[PDB]
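Undergrad: If you scroll down you'll find the structure; I have some questions about it.
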Amino acid sequence: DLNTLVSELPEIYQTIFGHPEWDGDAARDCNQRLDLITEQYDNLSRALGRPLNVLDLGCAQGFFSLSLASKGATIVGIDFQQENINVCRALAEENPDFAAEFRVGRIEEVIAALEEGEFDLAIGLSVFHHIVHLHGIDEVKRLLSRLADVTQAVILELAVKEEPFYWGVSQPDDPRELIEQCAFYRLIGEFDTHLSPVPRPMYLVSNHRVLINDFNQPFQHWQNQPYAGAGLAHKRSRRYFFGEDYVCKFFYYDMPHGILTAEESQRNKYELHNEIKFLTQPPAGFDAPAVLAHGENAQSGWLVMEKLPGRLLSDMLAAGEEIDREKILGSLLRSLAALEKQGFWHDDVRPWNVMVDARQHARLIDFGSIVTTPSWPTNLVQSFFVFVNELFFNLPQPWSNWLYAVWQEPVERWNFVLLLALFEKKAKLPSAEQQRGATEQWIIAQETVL
Ligand SMILES: C[S@@+](CC[C@H](N)C(=O)[O-])C[C@H]1O[C@@H](n2cnc3c(N)ncnc32)[C@H](O)[C@@H]1O
Ligand SMILES: Nc1ncnc2c1ncn2[C@@H]1O[C@H](COP(=O)(O)OP(=O)(O)O)[C@@H](O)[C@H]1O
Ligand SMILES: [Cl-]
C-alpha cells in the first residue's frame, strides 16, 4: 500500500503524483518547476517531431517523471534510495499506461554507462550539489559534459553557495562553473526552495542544439572566440554556433567572477542591439544576411542569422591559402562605395571581418561597426590603406599607383566613391616610383605595424 510506502519515506520531498492528500506534507510543491519543465519538454518534442525519451536523475518521489510520462514521454528515473523508488513504482502501477521505469542506482554510474541517443532529455534538479560534495567540482564537470554529450538537452536546477547550509561551503563560487564547459547554456528560471530565501537557478544546457524559445535547431560546431587568433578580447563572454544554414551569436551580459565590466556588458549589449537594427532594416541594393531570430534578457542576448558561404579572410591569409587580391578588393570596394552613397560606413574593415567565397568575391560580415554619421570619411579611407597593405612596403604596381593617386587628392575629396573610381582605372595611372612620393608608403607601413 501506498500509505505505508509514503510513511516509510525518509522525506516527502515532492508532491505525491495523483495523491493530493499529501500536498500539505510535501517540502516542495513542484508546480512551478513543472510548468517550466513541461514548456521546455514541449519545445523540444515539437522540434524533434515526437514524444521524448527522458532521464530523471535523483527522481525522488517521481513527480516530474510521472508528470512527463503523463504527457506521453517515455521515462527512466533513477534514485539511490530504495524507499523512493518503491513509491515511484507504486505510483507507476496506478498509471499502467505511463511508460515509466524506475531503478535504484547511483547517478555517477548511470551517466558513465549512458549511450548517445538513448535519451533525448535529461533532468537533474537539486541533485548535483550532493555529487560535488563527495566527489568534487572536476568530476561533476565531467559527468555533466558527458550527460550533455549523450543527450539533446539537459535541465538543471543547481544549488548555490549562498544557501545557508553547511554543504554550501563545498560549492563552487558560481553554479555556472559546473556547466560553462558545455557548448550552449541559458538561465531559464529561478525557484524558491522554501529551505531559505536564496533561490536556485534553473539552466537549460546543450552540446548539440541551440535552444532558444523561438529557435530550436542542431548546430555542427561552436566557438568561444570570433576568429582564429582573436585572443581574449571579449573575455570569453561571447559564443558562436554554426548550423546548416545559420549562425547564432550568443552574448553574455552577466558573467561569473564579476569579470565583465560594466563597460564590456554594455558593449556586448550595444553591438548586438546595433547589429539587429541594421539587419532588420538594411539599405536598398545591399545584400545583407537575414535575421531568423533574436532576443535579450537580463543575463544575455542573442541573434540568429542566415549563414553566408565562404571563409574568413584572416584565416585564409594565416593559413597561406591562395587568394585573388584584385577580386577581393574590387568586390569589397564596390560594396563600400554603395553603402557610402546610402549614407552608411563601416568602422572596422579588417581581415577578420571579411568573408571570401569560392569565387573569390568578398563581403563584410560584422555589422556591429556600421555607422550613419560622422572631416570625414577621411579616416576610414586611411585605415583602408592599412587593410590593403596587410592584405599584401608591400604594394606592387599598379596598386601603389592607385594609392599614390589618392594621396595627391585634396582631403575634402577622399571617400569610397573616389577610392573605387581610381581603383577601377589603376592600370592607366602614373607610376608612383617615378615620383618623389615617397611618404604615403612609409606612413601606412608604420600604421600597418602600429
Ligand atoms: C534533494 S532531492 C531532489 C529531488 C528531485 N530531483 C527534485 O528536485 O524534486 C535529491 C534526490 O536525489 C537522490 N540522490 C542524491 N544523490 C544521488 C546519487 N548520487 N545518485 C542517485 N540519486 C541521488 C536523493 O535520494 C533524492 O531523491
Ligand atoms: N553571417 C555569418 N556567416 C558565417 N559566419 C559568420 C557570420 N557572422 C559571423 N560569423 C562568424 O562569427 C565570427 C565572429 O563574428 P563577428 O561578426 O566578428 O562577431 P563579433 O566580432 O561581434 O565577435 C567570425 O569569425 C565569423 O566566422
Ligand atoms: Cl544541485
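The numbers used for chain A are those of Swiss-Prot, and the residues that appear cover 4-377, 381-398, 416-473, in sequence.
Quick reminder: no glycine exception, Cβ is built from N, Cα and C everywhere.
From Swiss-Prot, here are the annotated features:
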BINDING   16-17, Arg36, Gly61, 82-87, 108-111, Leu128  S-adenosyl-L-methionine binding site
BINDING   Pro229, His237, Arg241, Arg242, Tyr243, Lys252, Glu274, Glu309, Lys310, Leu311, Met358, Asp369  ATP binding site
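Buried or exposed, and what's around them? Tell me for each listed feature.
TA: There are 23 other CB atoms within 10 A of the CB of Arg36 (S-adenosyl-L-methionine binding site), with all protein chains counted.
The DSSP secondary structure for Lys310 (ATP binding site) is coil.
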Undergrad: Could you state the CA-to-CA distance between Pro229 (ATP binding site) and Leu128 (S-adenosyl-L-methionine binding site) to the nearest Å?
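TA: With distance taken Cα to Cα, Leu128 (S-adenosyl-L-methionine binding site) is 33 Å from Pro229 (ATP binding site).
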Undergrad: Out of the binding-site residues I have (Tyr16, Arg36, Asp82, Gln84, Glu86), which ones have their Cβ sitting under 6 Å from ligand 2?
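TA: Once distances to ligand 2 are taken from each Cβ, none falls under 6 Å.
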Undergrad: For the binding-site residues listed here (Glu86, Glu274), tell me which residue's CB has the most neighbouring CB atoms inside 10 Å.
TA: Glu274
Undergrad: Would you mind working out the Cα-to-Cα span from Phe398 to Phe416? 17 residues missing in between, answer in Å, no decimals.
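TA: Distance between the Cα of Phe398 and the Cα of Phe416: 9 Å.
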Undergrad: Work through the binding-site residues one by one (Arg241, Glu274, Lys310, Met358) and name whichever has its CA nearest to the CA of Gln84 (S-adenosyl-L-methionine binding site).
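TA: Ranked by Cα distance from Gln84 (S-adenosyl-L-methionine binding site), first place goes to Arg241.
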Undergrad: What does the structure give for the C-alpha distance between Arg36 (S-adenosyl-L-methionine binding site) and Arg241 (ATP binding site)? Integer Å is fine.
TA: 28
